[PDB]
RNA sequence: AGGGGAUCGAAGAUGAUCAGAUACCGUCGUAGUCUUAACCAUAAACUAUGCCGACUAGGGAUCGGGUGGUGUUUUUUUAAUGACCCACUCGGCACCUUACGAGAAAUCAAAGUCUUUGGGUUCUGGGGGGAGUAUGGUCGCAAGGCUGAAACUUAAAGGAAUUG
RNA sequence: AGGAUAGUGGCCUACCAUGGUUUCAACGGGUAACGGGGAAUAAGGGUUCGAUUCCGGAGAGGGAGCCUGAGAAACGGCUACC
């Protein structure tokens, strides 16, 4: 059933540590513990081994990603701008 | 003007009114007869063909669809029916 | 009717004040007491040759259809030998010179003589109080198609 | 009109007054019927059958040329689709938009269009399940809909 | 069964029995309706080419 | 959308006579509209009128003889008894002597005058004076 | 148009809509909420006795200028400390504290009339004898 | 909450004016302004004109589509083809003149077809305050939103126009 | 299915099943509510009132129980508690 109205994954903490702090972890913890699509086999099997290590259950390719996500927003835009720099060198 | 015969309007007014706003709505669309000059097959072409239809003989475009009355090919003969 | 474990309860169900003597053996070998409900309500055949008892049946039971006759659609058939019909009608408000669709949910006692379904219009007749909330027995299933013959799925 | 829009266009088809085949027609009722079926054996919409008839041949309106109207003959001839056409292309339209939203999260405009497309689907389905072209309780599940339109 | 509502083996077997009989009544009408579609319309479709252009039109009114 | 064709019909006739047009176009002109105009026409409020018979419920051209003053509808069609019709006439008509209240009845569509004489009543389509 | 359902079977909506809009009255809201019976010095009455406890010189409102010679009467039936006007010339010498007087409404169902602030009652009798008669010197207020 | 954080910039510092000026003005400057994920759910969110339908008046404009033109224009001077023009036409944003009509008028082509009152339907208001307050419920992290009185107080509050 | 009743009936008891009503307003609350015939006002439509001359219900300080009796849960009958 709908076991918790709003706490969700943070409900393991009971009543303690403050609602705002528990809300911040509730955001980053669902994002940390979600399966993620793999960029090489195309199936949602990427898990987080350690902080920043993202191992796909199949094809065993591990990607160095963010601590709590396979791809941070900063890393995404850096990859885009590195591409922008390489296009002007190659064109 | 307070007086006019709606039953008997001028045929010009019928031609100058919307195809459905008129006394009895009737299609302003008609049909064609198109002969491909290279062959001897006739075919009924709707005025608003809406498709690039080819004659049953060969895959030659005899008309081009457009907004309203479909365009007809340059190299063909059309006959109103 | 002539099946479905009629004697499935504790006590033996039988039309009272009748007996079938084992001394004489006839062709039918059985005796079932029925009657015409009345008011031009011809008895359905499944009551004539039935096997259920349903003491409250207008035909095979001890209850008589005397009083009024109602008509309405069926909204729930999900109780034993009793359903609820919604006798929708119109109430005339005198001030506004207008009607309002007001409804009453009438529960009625159905004998197994009738296969009664939701939507199918039925006519019922007042009787001796069957239960706390029931006072009417289904007496004819008003069915040309019954909202089921041409509106339910065909495989 | 346009119950999901403010537009009030009146564009439609104004069929002629005459209730019979025009003088210049050549083919017979069987000839047009046999032409319709093979168009449908290709896997065609009765809307497409009618428009393709109007162009390939001079069949102005198949119901007038025949004694019976288009989808009427197809169900008699055994080509009746599992679900009605206009419902079907609504279903395909709904899944088209729905897959668009999964990839495009921030397309709020298309999200709003989705509920309008579904509103149309549900009102059509409610009507169909009374006429019983659709079996009762035939529900637009929104989950395995793509199975119905491939 | 991974979800609830099969409280024991007998409950599952009695559900299978119902479901099998439900489909086997469904298949009873499926073959029966499929019979009529194959039978009633198609069997007299050859009657058109048989008799409609045979009697009352061509032979008796020919001499 | 369109809910009562006769409502739009007599609303169109009302606008026509107010401007003074001697003829008016009415559509889609159901048979309750024709029966309504028969009642008015025989009494002389309207004259000639033509029912163009197309297969889309048809259209009506009415010749207004400048004699009609106002023809209206009483929607909804109130179920009026044989007795309350006099209350209805007194509320709706500019005077007792003239003017008509149109009723559809078991015996057809007729004014409030021969509704009394036929001793039949029913619903109220509207009025004409 | 007209923004009301004219349909023949719309009676339920008409009555519900009218029954909600009747609450925008002043009289109907008072009658249905019973504000006379609940929150009013008189429990839906017209007259009520009481005791004159002290005298108030109630300065009038603008543009007038006068002392209105009201009396602070507490009503026996509910104890409410209300102010009662004393009509007619004098008539504040005729009454004193710890008398018993009969009050009446002030002519406006609340909403004190004239240039009198907050006094919605006028004294009619005193010592069981009409203050009108006392003003005309027909009777004499007993010392009781 | 994360990134971003150039400009502008609540708060604040400030220098002026001022009788006071922690306001207007000037310099700087925080949150914010930007974005992603969640919220909030209100605005003079206004055309202060619910939505759908018909009819009633004339016009010239313009936008999108369609139609007709041995109409003009473009490498070749009816010979390879769009745009423009004229006449229509549907739909749109509106606009102008008059109001038959309406309205308290201002004004309105709908705010008309409403005391000759009824096309269908939803919502809202019932003098002004008290008061969108209290209370209660509900949604929100909160700011608050939605729903929402009364006592009491008052003879006005207000609209549009006229004269000064 | 039985018990009880003058009889019907979840009226009660056992067993069985999950039913019943609801935005057409159930349920809960308020009533300065006994219901109706009627009263006042009344162009029509209505509004308000209807404790009160008649009909019906309920009560006899408040609940509860019961005898006699055709008829009472009676009260110018009784018993108990308050």
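What you see of chain C is 2-156, where the numbers are those given in Swiss-Prot.
We read in the header that electron microscopy, 3.0 Å was used to get this structure.
A Cβ is built for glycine as well, from the same backbone N, Cα and C atoms used for every other residue.
Summarising the annotation, Swiss-Prot assigns N-acetylserine to C:2. Sequence-distant contacts of residue C:2 (N-acetylserine), defined by Cβ-Cβ distance under 8 angstroms and a gap of at least six in the same chain, are C:47, C:48, C:50, C:51, C:52, C:53, C:113, C:114.
Remark: residue C:15 (ubiquitin cross-link) has C:54 as non-local neighbours, by Cβ distance under 8 Å and separation of at least 6 in sequence. For C:15 (among others), the entry in Swiss-Prot reads ubiquitin cross-link.
Taken from Swiss-Prot, the feature ubiquitin cross-link applies to C:46 (among others). Just so you know, the Cβ of residue C:46 (ubiquitin cross-link) picks up 10 other Cβ atoms within 10 Å once every protein chain is counted.
The ubiquitin cross-link annotation in Swiss-Prot covers C:56 (among others), and the record cites a large-scale study or a structure entry as its basis. The C-beta environment of residue C:56 (ubiquitin cross-link), restricted to residues of the same chain at least 6 apart in sequence and closer than 8 Å, consists of C:14, C:16, C:62, C:63, C:64.
For residue C:57 (ubiquitin cross-link), other Cβ atoms within 10 Å of its Cβ number 20. Marked as ubiquitin cross-link by Swiss-Prot: C:57 (among others).
Counting only same-chain residues six or more apart in sequence, none has a Cβ lying under 8 angstroms from the Cβ of residue C:79 (ubiquitin cross-link). Among the features that Swiss-Prot reports, ubiquitin cross-link is placed at C:79 (among others), with the record citing a large-scale study or a structure entry.
Here the Cβ of residue C:96 (ubiquitin cross-link) has 9 other Cβ atoms within 10 Å, regardless of which shown protein chain they belong to. Residues annotated as ubiquitin cross-link in Swiss-Prot: C:96 (among others).
Under the heading ubiquitin cross-link, Swiss-Prot lists C:105 (among others), citing a large-scale study or a structure entry as support. For residue C:105 (ubiquitin cross-link), the same-chain residues 6+ apart in sequence whose C-beta sits under 8 angstroms from its C-beta are C:87, C:88, C:89, C:90. DSSP assigns residue C:105 (ubiquitin cross-link) to coil, not to a helix or a strand.
Listed in sequence order, the residues of the same chain lying 6 or more apart from residue C:133 (ubiquitin cross-link) and placing their CB within less than 8 Å of its CB: none are present. According to Swiss-Prot, the feature ubiquitin cross-link maps to C:133 (among others), an assignment based on a large-scale study or a structure entry.
According to Swiss-Prot, the ubiquitin cross-link annotation covers C:141 (among others), on the basis of a large-scale study or a structure entry. When secondary structure is read from DSSP and collapsed to three states, residue C:141 (ubiquitin cross-link) falls in the strand class.
For C:148 (among others), the entry in Swiss-Prot reads ubiquitin cross-link, with the evidence type a large-scale study or a structure entry. In the three-state DSSP classification, residue C:148 (ubiquitin cross-link) falls within coil. If you draw a 10 Å sphere around the CB of residue C:148 (ubiquitin cross-link), it holds 17 other CB atoms from the protein chains shown.
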Legend entry - Same chain, 6+ residues apart, C-beta under 8 Å of the C-beta of residue C:141 (ubiquitin cross-link), given in sequence order: C:42, C:115, C:123, C:124
Legend entry - Three-class DSSP secondary structure - residue C:96 (ubiquitin cross-link): coil
Inset, instruction - Measure from the CA atom of residue C:148 (ubiquitin cross-link) to the CA atom of residue C:46 (ubiquitin cross-link) and give the result in Å, rounded to a whole number. - result: 23
Inset, instruction - Between the Cα atoms of residue C:96 (ubiquitin cross-link) and residue C:148 (ubiquitin cross-link), find the distance and write it as a whole number of Å. - result: 37
Inset, instruction - Could you round the CA separation between residue C:57 (ubiquitin cross-link) and residue C:148 (ubiquitin cross-link) to a whole angstrom and send it over? - result: 27
Inset, instruction - Determine, from DSSP, whether residue C:46 (ubiquitin cross-link) sits in helix, strand or coil. - result: helix
